[PDB]
Amino acid sequence: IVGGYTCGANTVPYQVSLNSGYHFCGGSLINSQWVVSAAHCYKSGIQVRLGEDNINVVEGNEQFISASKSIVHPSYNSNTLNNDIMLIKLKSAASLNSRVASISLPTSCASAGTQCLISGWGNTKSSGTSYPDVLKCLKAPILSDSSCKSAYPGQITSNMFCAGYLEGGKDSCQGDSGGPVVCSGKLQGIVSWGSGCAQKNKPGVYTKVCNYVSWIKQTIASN
Ligand SMILES: COc1ccc2c(CCN)c[nH]c2c1
Ligand SMILES: [Ca+2]
């Protein structure tokens, strides 16, 4: 997160870290046994880390649970990033409490101008590299589809939206991939892609979760 703020320990209790020996992506807990992330975060040997604030210090609220199955969306296209969404099933159910909580799926799509919360442990610099050890937060509005398509001509599908600031300076970044975009208490986006971080006229692009609710619900009822 570039230009954000320190969230505060366990104030984003649905945020997860995906760990393969080191943090490599974020995700969101949607119930006691399932995590949503980006399909471009797929890999084998994933351990899901819940209840994290400092990812380098055991602070006492964490739960570490291995993944038992990963399901990339059937129409994911890694070249265009269309359908950049994946489900991860935990080997055992998480224990839900004040520090580890699920986020609800949306019933309708969020509208332009709505302010949302994006979080993650990714790079905090738009030029150079500095990686924080504590969770960072950013408030950003959903941008109109016409501004989004003008920023990324020929590249925005119906399954994407832009959020952020056309002036730059505030954005998600490398290492925030797969993390949540939450608006009005619902999961509306997944950190997906962009042209760099926090550059002028190049806002972040996010997977439009409201288009996937039926697939999510059907998949978790049968696996
Ligand atoms: C390798 O550099 C990057 C830079 C930025 C991003 C993002 C979000 C950009 N808003 C997702 N993956 C990335 C990879
Ligand atoms: Ca920790």
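We count residues from 1, following the sequence as given. We count ligands from 1, going down the list as the structure has it; atoms in each ligand are counted the same way. Side-chain atoms are counted along with the backbone in the values below, which use heavy atoms only and exclude waters and symmetry mates.
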Provide the number and element of each atom of ligand 1 under 4.0 Å from a heavy atom of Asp171.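 Going through ligand 1 atom by atom, the ones under 4.0 Å from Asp171 are 10 (N).
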Just jot down the ligand 1 atoms closer than 4.0 angstrom to any heavy atom of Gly196, in number order.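 This gives 5 (C), 9 (C) as the contact atoms.
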Exercise: do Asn31 and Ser102 side chains pair donor with acceptor under 3.5 Å: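 Distance-only check fails for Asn31 and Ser102.
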When you compare the side chains of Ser144 and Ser147, does any donor N or O come within less than 3.5 Å of an acceptor on the partner?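 Their side chains do contain a donor-acceptor pair, which is all the 3.5 Å distance test asks for.
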Which residue and atom name correspond to the protein heavy atom nearest atom 2 (O) of ligand 1, and how close is it?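 It is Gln174 OE1, 3.7 Å.
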So which heavy atom in the protein is nearest atom 9 (C) of ligand 1, and how far is it from that ligand atom?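 Going by distance alone, atom 9 (C) of ligand 1 is nearest to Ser172 O, 3.5 Å.
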Between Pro203 and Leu143, is there a side-chain heavy-atom distance shorter than 4.5 Å?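 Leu143 vs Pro203: side chains touch.
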Under a 4.5 Å cut-off applied to non-hydrogen side-chain atoms, are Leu87 and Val36 in contact?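 Yes, side chains in contact.
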3.0 Å cut-off met by an N, O or S atom of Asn56 to the Ca ion (ligand 2):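 Of the N, O and S atoms in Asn56, none lies under 3.0 Å from the Ca ion (ligand 2), which means no.
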Has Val58 got an N, O or S atom lying less than 3.0 Å from the Ca ion (ligand 2)?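 Within the cut-off used here (under 3.0 Å), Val58 places no N, O or S atom near the Ca ion (ligand 2).
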Shortest reach to atom 4 (C) of ligand 1 by a heavy atom, considering only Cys197, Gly204, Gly120: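 Comparing heavy atoms across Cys197, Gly204, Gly120, the nearest one to atom 4 (C) of ligand 1 lies in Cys197.
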So, does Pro203 sit close enough to ligand 1 that a heavy atom of it is under 4.0 Å from the ligand?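 For ligand 1, residue contact (heavy atoms, under 4.0 Å) with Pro203 is absent.
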Applying a strict 4.0 Å limit to heavy atoms, is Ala198 in contact with ligand 1?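 No; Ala198 lies far enough from ligand 1 that no heavy-atom distance drops under 4.0 Å.
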Starting at CG of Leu138, measure out to CG of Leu117 and round the result to the nearest 0.5 Å.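 If I round to the nearest 0.5 Å, the distance is 8.0 Å.
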Looking only at N, O or S atoms, which one in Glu62 sits nearest to the Ca ion (ligand 2)?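 That would be atom OE2.
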Please give the atom name: the N, O or S atom of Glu52 nearest to the Ca ion (ligand 2).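 Result: OE1.
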Does an N or O anywhere in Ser177 fall below 3.5 Å from an N or O of ligand 1?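 Yes - when backbone and side-chain N and O of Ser177 are compared with those of ligand 1, one distance drops under 3.5 Å.
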Taking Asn159's backbone N and O only, do any of them form a donor-acceptor pair with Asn83's side chain (distance below 3.5 Å, no angle check)?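 No.
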If we ignore hydrogens and angles and just use 3.5 Å, is the side chain of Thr11 paired with the main-chain N or O of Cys7 as donor and acceptor?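 Flag set: sc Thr11 to bb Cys7 pair under 3.5 Å.
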Are the aromatic rings of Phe24 and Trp121 close, with centres under 6.0 Å apart?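 Not close enough - the centres of the two rings lie 6.0 Å or further apart.
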